[PDB]
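To start, the structure under review is shown below, and the notes come after it.
There are 2 protein chains.
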Amino acid sequence: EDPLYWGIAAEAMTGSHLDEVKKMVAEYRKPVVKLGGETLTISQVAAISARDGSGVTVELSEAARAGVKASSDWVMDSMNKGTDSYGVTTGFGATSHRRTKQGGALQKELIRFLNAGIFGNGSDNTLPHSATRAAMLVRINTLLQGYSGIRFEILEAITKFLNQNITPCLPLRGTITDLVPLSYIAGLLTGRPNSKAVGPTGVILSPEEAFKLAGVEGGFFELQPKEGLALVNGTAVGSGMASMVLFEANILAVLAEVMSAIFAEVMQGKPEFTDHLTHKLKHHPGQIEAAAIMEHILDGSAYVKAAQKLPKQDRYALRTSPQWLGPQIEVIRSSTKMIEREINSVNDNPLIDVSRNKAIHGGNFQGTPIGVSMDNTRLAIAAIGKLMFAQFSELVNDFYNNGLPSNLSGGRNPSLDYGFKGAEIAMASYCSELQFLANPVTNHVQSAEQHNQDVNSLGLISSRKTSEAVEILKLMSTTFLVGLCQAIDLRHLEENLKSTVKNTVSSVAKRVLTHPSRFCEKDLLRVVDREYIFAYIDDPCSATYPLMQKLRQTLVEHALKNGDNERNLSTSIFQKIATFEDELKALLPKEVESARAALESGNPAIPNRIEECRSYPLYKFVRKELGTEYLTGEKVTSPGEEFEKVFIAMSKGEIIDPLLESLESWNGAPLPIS
Amino acid sequence: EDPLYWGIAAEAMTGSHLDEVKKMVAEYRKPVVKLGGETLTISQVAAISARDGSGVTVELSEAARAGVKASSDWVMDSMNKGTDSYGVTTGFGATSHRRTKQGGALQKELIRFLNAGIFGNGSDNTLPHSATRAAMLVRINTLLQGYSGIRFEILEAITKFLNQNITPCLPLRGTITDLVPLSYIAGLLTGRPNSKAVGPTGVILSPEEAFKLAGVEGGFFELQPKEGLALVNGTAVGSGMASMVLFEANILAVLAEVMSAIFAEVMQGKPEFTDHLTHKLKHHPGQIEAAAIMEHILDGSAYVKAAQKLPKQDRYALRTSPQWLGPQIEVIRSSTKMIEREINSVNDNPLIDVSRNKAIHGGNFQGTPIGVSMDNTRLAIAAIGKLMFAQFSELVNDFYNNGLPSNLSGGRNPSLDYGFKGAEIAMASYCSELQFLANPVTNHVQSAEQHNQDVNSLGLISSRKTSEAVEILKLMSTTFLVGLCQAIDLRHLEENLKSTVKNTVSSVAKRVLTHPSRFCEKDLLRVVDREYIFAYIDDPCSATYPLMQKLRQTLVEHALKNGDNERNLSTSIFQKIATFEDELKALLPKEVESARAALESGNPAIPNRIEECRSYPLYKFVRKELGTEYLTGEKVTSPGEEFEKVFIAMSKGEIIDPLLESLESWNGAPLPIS
Ligand SMILES: C=C(c1ccccc1)[C@@H](N)P(=O)(O)O
Ligand SMILES: C=C(c1ccccc1)[C@@H](N)P(=O)(O)O
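Structure below.
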């Protein structure tokens, strides 16, 4: 039926990406990660990788013990029968013609010469301790399947190091994917003299102190034949970090879908761009899901529903966002499956097949799935950030943001409030560096190790660059999300002040215009209805702003059509202009300032419509739970001070819950075509 | 004084880039290229490379004959003394341990196994015949210095092939820089059975036919010891093409400087951005020259001088263009010097030093100067095109082009004329592909030829990508230059129609406004002076366009300040509005149409100010000599039809003369700081 396992691979790509993310989040928060060599998820690797006191613990399946012992015993019995085994009685790699009977000394030597990394002083050349934990977890998962020929006791010791947050120090570079950095795990286990570890609070430990604080009894391990090679001959570091990167990339792809919808909300975009017919007719599932998610947010938007009771299309960053995000999500999802197979693979060599009484030589250490998926994922991250840069740019440009202030300036005086202009330049710098990062790593392969390794994956180098790309995407997402919340509040200010202007224009009209000028009150209010508040509200009665000009234009046009009644000063509309303009100038500025002051005090005449929006949890989280403040030149607070709050919260995973809550009433299908 | 030749290298970088270009152009057009191994310029290589009947001929310096014979004789005498010489009695490259006494068969075999390229059918895998000519010229120049040990007769035969435009067919790929493609020159010379050549009209020739049409007498050459290796062991193909690319890149850099100034002219930019103080204070000579060149054009601009007799700063694509272009010009100039040294180098191995009675083994075949200069030059080409894309985008956007029509639309009805919108999308596609091409080639080095060639330059691959970049820059320059000429004509239309509107508004004012409304004629004309013609001229009396609205606003504001005189209908300014508006509506549309029709017939009321501009030669060349037409929706002609004229002319070098003429009165210094 499925002898090459294509079909079981296809099965994992069914169901929505969002449900996959919901499962990942639930898996991440489980208190125990039980390893049995076969069920490791990127969410479990991400959970173990954290060094933030979540309390997650690792436990080893007792079901693997028998297979582990069988291959360990097999190798030891092979050593005693005098047989010639690669990596056991022979040299390594291109020098495998050398032979020896000192199996123990051979493995000791293996770790010694693989300790060829460089740390220097400080931490710049050190693998992040979170990544080292991920690699430890993943190495255990490989060795547990019973094909590697290493004692279960060593796996238990690595488990204690994880559960006590005692982490060996690994070099950042030195691997083409992972012998050298993995040798620094083995060196801790053998107590090498240069081996160092870091405790939970950051203190450097000797191997002795580390064993002590981890509760590993029995002294340092003396590696038995093949045991050094089983520890080092795998892709655990590259795939470990790729899991951490993919966990965050998946969640950020959902954040990008939702923020594209909040973007549409505050831009007053046409929700038609999410119509299921459009996306159904292209078949791409990423684009169909993306449209449906944004459709869900917009179908529960108080802005859209308000507009319904009262340019045919938007620019690409809004209208084509489902077409744009769709394929990036498919890449991230497909890359995730590839990494999940890699972290559950037997990446080791040779393999001990006790059932056939032999060792199988092969290339499962070749981390191509990591290189390929990380290269492809990094390009997709860059495409997500380029869209986010385009959206941000639209949002802060008054040419394109449908009446929002230039720069999303917040204060009363636009000459002393340039809003997000600095943040916008920084968004360009983020986006540019992201497009550089989008270049591949895996097309830079050198013929290595005396040309024995004449192809090699560069997996971990690629994972490291995708991790950098993810951090930049977080800087962009933070900056965008705070911009969106500012725009939300500006729409709130806009609708309240617009009501005040309309009430004042009407009341002054009903006074000074009684004779036949009564007819033009409807036209004067229409001037207010159609004019952009932020084009004039900082100085509403200024003669050079559009409100006074167009009100006066309305009075003039009514007088010109007023006929012979215009010839009698008693019924002349033109003769009412200066009275009207004086009366409005006398009352409108204070009415506007009062309503604004009432809004700033929490007493708006019209409540903030975000509160009735499916997108409310993200706004509430940013503005109310984190206390991120509305940004104004009338205060000293910088945009960066507020970015910090969201960025630190995003990096602690606190965005996940409000992100998912905005979608929790979605049934996973697009709306009927209406 | 200068024992490492840094100082003589520094000397070549003095004087202006423009004077260097002027010399290059004069050198290109000389009727004879005399090679003596030491004076080859990129302009001579470009001139020889052409297959367009310019009649340029190659002649060999008789002064080199003695050195050539001496090393040829030396090698033959070495062969007869039984001595062991690399490439003469030994195998090649990584297999140099093999030995033989059949020197002739060794060189025959060398050409045979180096004929390892692939052509297929058609021309896609064939080196362009212009590049093959460049490589032939450059190979002669290396061998003429007397260090290679090859007969002068063979150089004379290649000279005949050049002077009769008989060109051997070379494969496009196969070289890491140039044994394989150079072996197809040697194969023609030895009459190999697969060897093919192309005549002047394109007919494929056998080696026999080629020798016949070239007038090479004496039959095919039988290579003597070392002669095959001297033919193939050089960088001639990479450096040959790099010369052709650099010749055009230098001229296009001057076109970019000048077009940046014409851009400023039609944008009504502030010529202050070229002020010498600004650029002097940065020391960069490329930026100082660039500013001074643009300053020269602007100081002789009738637009600027007109504006003088009657926003403080421009956007970056205009204001920072000298800062942007400066370093690209320095890179192109420095790369040119590197290639000129390479095409005059003894790139061969081993070298025969008769003066010391020995062969010198070395690495002069290592084409790093080509790879490095082409990689650096390609990045600079991309930066020039990115600026040109930014400038074009500004020019066709009515938000930023200071009153020019959106899309530079040309016709009477903007709803049926979308101008350069298609060209603008194509400019984005050019710019994007250019930014891709900007990636380096020389960071993709493979350890080659059984790891004997474990570093290699990839020079020719880089030259090929820079050549592609140059072609794209030509597509952008063509499209930009035709856009600039359209804008020039639109400023001509703008000033003529604006005069017509002002005359009509004045004459109707002086009639229907005589009572005290005489005072507002000055304000009404000011409305015309300050309003953008193209914001209303397609329908000048439309009530929704700014002209009628603001004229009416002027009459209303004068009536409001007219006081008690406004209360008597005899002296009421408001009572004059509908008369004025009716009178203007009756006369202005036909006055405008008449003046426009008079302009289209060559009878403008105001001549085209381009005629008094230092930039006039480029406009005259494009619009009048090439017959490139003003683009309008009222005709069937496409922008591409007009692009063709300029692109084909640009590729024939016909842009050079008008380009240089626009600068011919420049003394090479910036203006005094005033
Ligand atoms: C080449 C290898 C190696 C190199 C250095 C030390 C230990 C092993 C192993 N990847 P293998 O291909 O399994 O022999
Ligand atoms: C390695 C070389 C070679 C390879 C194939 C054919 C002929 C020569 C020469 N570049 P060289 O380094 O001069 O020996």
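Heads up: the protein sequence lines correspond to chains A and B, in order.
So the first sequence is residues 25 to 201, 205 to 337, 346 to 549, 557 to 716, counted in UniProt numbering.
So the second sequence is residues 25 to 201, 205 to 337, 346 to 549, 557 to 716, counted in UniProt numbering.
Think of the CB as a built atom: it goes at the ideal place given N, C-alpha and C, for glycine as much as any other residue.
- Query: What do you reckon, is the C-beta of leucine 422/B under 8 angstroms from a heavy atom of ligand 2?
  - Reply: No - ligand 2 has no heavy atom lying nearer than 8 angstroms to the Cβ of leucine 422/B.
- Task: Could you say if the region 320-327 of chain A and the region 647-661 of chain A meet the contact criterion of at least three C-beta pairs nearer than 8 angstroms?
- Result: Below 8 angstroms, enough C-beta pairs join the region 320-327 of chain A and the region 647-661 of chain A to call them touching: three or more.
- Query: Applying the criterion that 16 or more other CB atoms from any shown protein chain within 10 Å of the CB defines a buried residue, is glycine 644/A buried or exposed?
  - Reply: Counting Cβ neighbours within 10 Å, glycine 644/A comes out exposed, since fewer than 16 surround it.
- Query: Under 9 angstroms between C-beta atoms, does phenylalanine 622/A make it to chain B?
  - Reply: With a threshold of 9 angstroms between beta carbons, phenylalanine 622/A makes no contact with chain B.
- Message: Can you pull out the residues from the region 473-506 of chain B whose beta carbon lies closer than 8 angstroms to at least one beta carbon of chain A?
- Response: For the region 473-506 of chain B, which is checked against every Cβ of chain A, the residues closer than 8 angstroms are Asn474, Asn478, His479, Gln481, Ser482 and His486.
- Item | Within-9 angstroms CB hit, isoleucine 364/A to chain B | It does not; no Cβ of chain B falls within 9 angstroms.
- Message: Rounded to whole angstroms, what is the Cα-Cα separation between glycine 117/A and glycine 170/A?
- Response: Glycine 170/A has its alpha-carbon roughly 23 angstroms from the corresponding atom of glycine 117/A.
- 9 angstroms Cβ cutoff, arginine 197/A in contact with chain B: No, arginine 197/A lies away from the interface with chain B (no Cβ there is under 9 angstroms from its Cβ).
- Message: Nearer than 8 angstroms: is that true of the beta carbon of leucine 258/B relative to any heavy atom of ligand 2?
- Response: Look at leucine 258/B: its beta carbon is at least 8 angstroms from all of the heavy atoms in ligand 2.
- Short CB-CB distance (under 9 angstroms) between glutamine 348/A and chain B: Not one chain B Cβ lies under 9 angstroms of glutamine 348/A.
- Who are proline 192/A's beta bridge partners in DSSP? Secondary-structure assignment with DSSP links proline 192/A through a beta bridge to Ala224/A.
- Closest Cα partner of residue 552/A within the set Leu472/A, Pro449/A and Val598/A: Inspection of chain A shows residue 549 followed directly by residue 557; residue 552/A is thus not represented.
- Query: How about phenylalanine 424/B: is its C-beta nearer than 9 angstroms to some C-beta of chain A?
  - Reply: Output row for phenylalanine 424/B: interface = no.
- Query: Does the beta carbon of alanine 601/A sit closer than 9 angstroms to a beta carbon anywhere in chain B?
  - Reply: Interface residue (Cβ-Cβ distance to chain B less than 9 angstroms): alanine 601/A is classified as such.
- Beta-carbon of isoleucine 200/B versus every beta-carbon of chain A: anything under 9 angstroms? Interface with chain A (9 angstroms Cβ-Cβ cutoff): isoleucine 200/B is excluded.
- From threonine 586/A to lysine 592/A, what does the alpha carbon distance come to, in whole angstroms? Looking at the two C-alpha atoms, the distance is approximately 10 angstroms.
- Cβ-heavy atom distance between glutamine 481/A and ligand 1 below 8 angstroms? The answer is no for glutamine 481/A.
- Task: For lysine 564/B, count neighbouring Cβ atoms within 10 angstroms of its own Cβ and tell me buried if that reaches 16, exposed if not.
- Result: Answer is exposed; the Cβ neighbour count stays below 16.
- Query: Distance, Cα to Cα, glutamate 254/A vs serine 96/A?
  - Reply: In a straight line, the C-alpha of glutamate 254/A is about 9 angstroms away from that of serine 96/A.
- Query: Can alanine 283/B and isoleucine 374/B be called in contact, C-beta distance under 9 angstroms?
  - Reply: Note that the C-beta distance between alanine 283/B and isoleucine 374/B is not below 9 angstroms.
- Integer-rounded CB distance, given that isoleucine 523/B should sit under 8 angstroms from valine 230/B: Not really, about 46 angstroms apart at Cβ, beyond 8 angstroms.
- Query: Given that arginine 354/A touches chain B, what residues does it touch there, using C-beta distances under 8 angstroms?
  - Reply: Here the premise fails: no neighbours, minimum Cβ distance about 17 angstroms.
- Task: Taking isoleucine 619/B as the query, report the chain A residues whose CB atoms sit under 7 angstroms from its CB, ordered along the chain.
- Result: For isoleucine 619/B, the chain A residues whose Cβ falls inside 7 angstroms of its Cβ are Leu602, in order along the chain.
- Could you check the C-alpha separation between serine 444/A and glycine 420/B for me, to the nearest Å? Rounded to whole angstroms, the gap between the alpha carbons of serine 444/A and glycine 420/B is 34 angstroms.
- Task: Taking only the alpha-carbon atoms, compute the straight-line gap between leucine 602/B and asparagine 610/B and give it to the nearest angstrom.
- Result: Distance between the alpha carbons of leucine 602/B and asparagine 610/B is about 13 angstroms.
- Kindly indicate which three-state DSSP category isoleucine 231/A falls into: helix, strand or coil? In the three-state DSSP reduction, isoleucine 231/A falls in the strand class (E or B).
- Cα-Cα separation, residue 785/A to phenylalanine 400/A: No answer is possible for residue 785/A: it lies beyond the span of chain A, which begins at 25 and ends at 716.
- Task: Excluding the 5 residues preceding and the 5 following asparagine 104/B in the sequence, name in chain order all residues of the same chain whose CB lies nearer than 7 angstroms to its CB.
- Result: Excluding positions up to five away in sequence, the list is empty.
- Query: If the cut is a Cβ gap below 7 angstroms, which residues of chain A does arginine 163/B touch?
  - Reply: Near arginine 163/B there are no residues of chain A at all, since even the closest Cβ is about 32 angstroms away, more than 7 angstroms.
- So what does DSSP say about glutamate 484/B, is it helix, strand or coil? Note: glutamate 484/B maps to coil in three-state DSSP.
- Message: I'd like the span of the beta strand (DSSP E) that includes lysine 393/B, first residue to last.
- Response: Segment 393-395, the beta strand (DSSP E) holding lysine 393/B.
- Query: Which class does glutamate 249/A belong to by DSSP, given the choice of helix, strand or coil?
  - Reply: Correct three-state label for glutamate 249/A: coil.
- Message: Taking its Cβ as the centre, do 16 or more other Cβ atoms sit within 10 Å of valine 570/B, making it buried, or is it exposed?
- Response: Classification for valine 570/B: buried.
- Item | C-beta neighbour in chain B for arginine 391/A, strict 9 angstroms | At a cut-off of 9 angstroms between beta-carbon atoms, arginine 391/A makes no contact with chain B.
- Task: Please go through the same chain and pick out, in chain order, the residues whose beta-carbon is closer than 7 angstroms to the beta-carbon of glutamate 573/B, but skip the five residues on each side of it.
- Result: Apart from sequence neighbours up to five positions away, the residues of its chain that approach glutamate 573/B with a beta-carbon distance below 7 angstroms are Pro588, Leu589 and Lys592, ordered along the chain.
- Please classify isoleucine 387/A: does DSSP put it in a helix, a strand, or coil? In this structure, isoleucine 387/A counts as strand in the three-state DSSP scheme.
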